[PDB]
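Next comes just one chain, in structure tokens: the form deposited in one PDB entry.
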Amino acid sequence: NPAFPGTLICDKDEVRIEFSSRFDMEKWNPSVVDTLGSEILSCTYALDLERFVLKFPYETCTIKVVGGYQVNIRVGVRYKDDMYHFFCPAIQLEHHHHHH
């Protein structure tokens, strides 16, 4: 059975969850939520329909945890297996820049 295919990108100024196609985004319908599955009052996130990306800032859409930040993502009423959590580190290392 298909696994959630969003690719986590922890960037210097945002978090992205990137997809291979707009169809994957529409199928999984990822949304930023809190640890219980509810919307975060402060959080504005963006869906880029051309590049197939969910993106959002650290401060308003993630929670501080040891060593970094946690974001909670709902996919899909609640369904089994509908909650995901991801971690981004506080410290990002940069060696060579290749933005993509």
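Rigid core (definition): largest C-alpha set, two forms, superposition within 1.5 Å. For every residue, the number given is its place in the sequence shown, counted from 1.
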{"item": "Count class of coordinate-free deposited residues lying between the neighbours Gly76 and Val77", "value": "4 to 9"}
{"item": "Segment of higher mean CA temperature factor, 41 to 49 or 66 to 74", "value": "41 to 49"}
{"item": "Stretch with the higher entry mean CA B-factor, where the candidates are 88 to 96 and 16 to 24", "value": "88 to 96"}
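Heads up, the form deposited in another entry isn't pictured, but that's what we're talking about next.
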property: Threshold 2 Å Cα movement between the shown form and the other one at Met83, rigid core reference; result: no
property: After fitting the core, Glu59 CA displacement of 2 Å or more between the shown form and the other one; result: no
property: Rigid-core frame, C-alpha of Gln70, shift of 2 angstroms or more between the shown form and the other one; result: no
